[PDB]
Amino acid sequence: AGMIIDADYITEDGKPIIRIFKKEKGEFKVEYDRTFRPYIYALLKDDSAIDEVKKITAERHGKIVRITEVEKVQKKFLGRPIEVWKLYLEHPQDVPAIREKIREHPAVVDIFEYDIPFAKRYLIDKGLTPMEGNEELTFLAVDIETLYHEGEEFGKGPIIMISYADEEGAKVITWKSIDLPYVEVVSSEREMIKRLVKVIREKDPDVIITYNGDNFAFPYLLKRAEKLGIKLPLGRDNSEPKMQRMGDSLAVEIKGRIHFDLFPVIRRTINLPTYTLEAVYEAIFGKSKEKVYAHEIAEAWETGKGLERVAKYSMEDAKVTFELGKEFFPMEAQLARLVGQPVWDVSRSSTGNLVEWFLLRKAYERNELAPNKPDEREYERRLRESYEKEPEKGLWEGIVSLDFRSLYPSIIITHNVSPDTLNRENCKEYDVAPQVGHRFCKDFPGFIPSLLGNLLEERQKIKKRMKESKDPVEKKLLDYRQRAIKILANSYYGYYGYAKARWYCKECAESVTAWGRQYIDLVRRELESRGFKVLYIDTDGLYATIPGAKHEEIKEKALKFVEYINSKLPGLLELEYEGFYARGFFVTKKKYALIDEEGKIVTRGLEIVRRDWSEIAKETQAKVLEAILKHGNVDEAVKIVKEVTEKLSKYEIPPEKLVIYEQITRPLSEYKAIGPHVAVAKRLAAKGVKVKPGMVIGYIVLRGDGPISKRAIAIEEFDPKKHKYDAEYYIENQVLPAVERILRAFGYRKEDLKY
């Protein structure tokens, strides 16, 4: 038995066949299972009811659907024995066809485990864990460059370069003559796409790495392949890449391989105002990368001048995509293994969903019936539910960052905080949460505390094996493993409060907050007696300084302080020194900005680096943050805003800095609310423009009476002689909102930021 990399199912003669994709001593192996059956559970009012319930019918694919077999089973629900009926079906697609017919029934109290994908059901029930062993996978980074012109329909412009990279080097396929050693020149867009197919089939990578390939590279390749009448047999079974709807965006799978899209991974792992490949590469490897903008690529392609510069950019995009994939995949591979689900799914999940998958597997192992996800009504009510400090103003120097998160798993375990132990009837001994008063039964270990204890013990064993290991290879692997456990264990606190959670528990989250606070108040008091000033406190951590002290002294005392507190705090309760900042300011909870000793600005919940904000607002905000953090000058920042707003009043700002960009996401007739970008889009369609979802609309808001939608103009129609932009809109709805939250940390109101 090798290493499981993915699992799915195919249908044959109307029957499902599970496919397990493996890597076994360097070779691709596919195992087939025809015997695993889909099922749901039904809790009935009485055993007699099963005779009526087993006879429930549905329709799918022209043919009727039936319950294949029924089985009475004894399980645990809410920490209590329960008798339910396992209802077997022939095909997994039968479940969404019959589940509501079963739930409808007057004798059915409730149904359970009815929205678990068949391939994930299989992995859990068969006790199969992906990414186990030392099996070495192969990787290939792939990227593309397209010919783009302002506001074009997705896929109108051809693909002009395809790049790929591995340990053999970074290469470019193009259909215009470029003399570089790494450039392969082919005859057409069609032949370039066929060459990428040939490179993928010959290299046969286990992992295809992209940077946002879910939304750009693969959807674009598929669109161009369609127009060109060619197939993309990239799957190991010769199937084409498959587009999956994840939210409003996309997810692309390549069967028998792992399509590893770094974009969701990096977005979760590191904190940046923009997730451009250049910014990401610099943040991870501390090296600068050149950007070649779309308009420059179009000019070079159309003119045929400066093409060597475009091919170098395409080559580097693949090269750095390969380096980033190799950097980030080991941790995704260990998280996959820990939660027992494929890297494809895990690399695209929130920590809340990682917890749920860990809990679902553990629920099967422990014969525990899993709770259902909430309905729309329950999900909204949880978002409404109310739970039982304000930052220091001004600009602070020499800020130390302390992390509290490794406190909470220990609190959950010691106080047996779990939905199954909350306010239990006929309980002999209980823990009472401070202030909130929630009672947690001590008579049996709760489902979650029990799992968390095993997680923490497993991490301590790995850490002990690391000290006693003389092998640098296993030390590396074990380091990723104990880190993966820390990430999962530290996600439970937040999960209890996650409105979409199965094991959601508001009282659990408040109780943990109430018990946690006693340690937060201890840290705060011990810091304050040491001369430290606490500037910001969240359940996650704090920021402190020693007013008027030398930076080395603040660091030394802080490092001494964590060493001291950890020696006083019992068990696995741990304080962590996160870092040091030269300067910083705090607005409210998770709204702050800091600058490190290397000059990098780190912010949370403030920056507006997005295409639906004008350049003038983004430019002014970056300038305000630089004046404050790099220059230590809030008076400079206030003067910057006053100058910009006056310049907008006097029509001194170039119209290119006033453009707003917003995507059309549906046919124009499907809109309920006609926002400015849609009003502009309708006028374009009226003119004969082929408006399609995906098209990004550039507009400028003009002066006039009424709502902005009636006053917005397409950028290509804006004439500086004829049209006059709305200075009030750019001052009040763009520039001032971008800077008013930042400046409020220094005592300014919106009204103080003009002449």
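Quick note: we count residues from 1 along the sequence shown, nothing fancier.
The gap between residue 132 and residue 133 holds no unmodelled residues of the deposited sequence.
Comparing the deposited coordinates for 465 to 473 and 513 to 521, the stretch with the larger average C-alpha B-factor is 465 to 473. With 396 to 404 and 340 to 348 compared on mean CA B-factor from the PDB entry, the stretch scoring higher is 396 to 404.
Among 428, 647, 500, 203, the highest C-alpha B-factor in the deposited entry belongs to 428. Residue-level inspection of the entry shows that, of 210, 450, 334, 249, 249 has the top Cα B-factor. When all modelled residues of the chain are sorted by CA temperature factor, residue 55 is found within the highest third.
In the deposited entry, the Cα temperature factor of residue 725 sits in the top third of values across the chain's modelled residues.
Split the chain's modelled residues into thirds by C-alpha temperature factor. Residue 63 is in the highest one.
In the deposited entry, the Cα temperature factor of residue 715 sits in the top third of values across the chain's modelled residues.
Sort the chain's modelled residues by C-alpha temperature factor and residue 15 lands in the middle third, per the entry.
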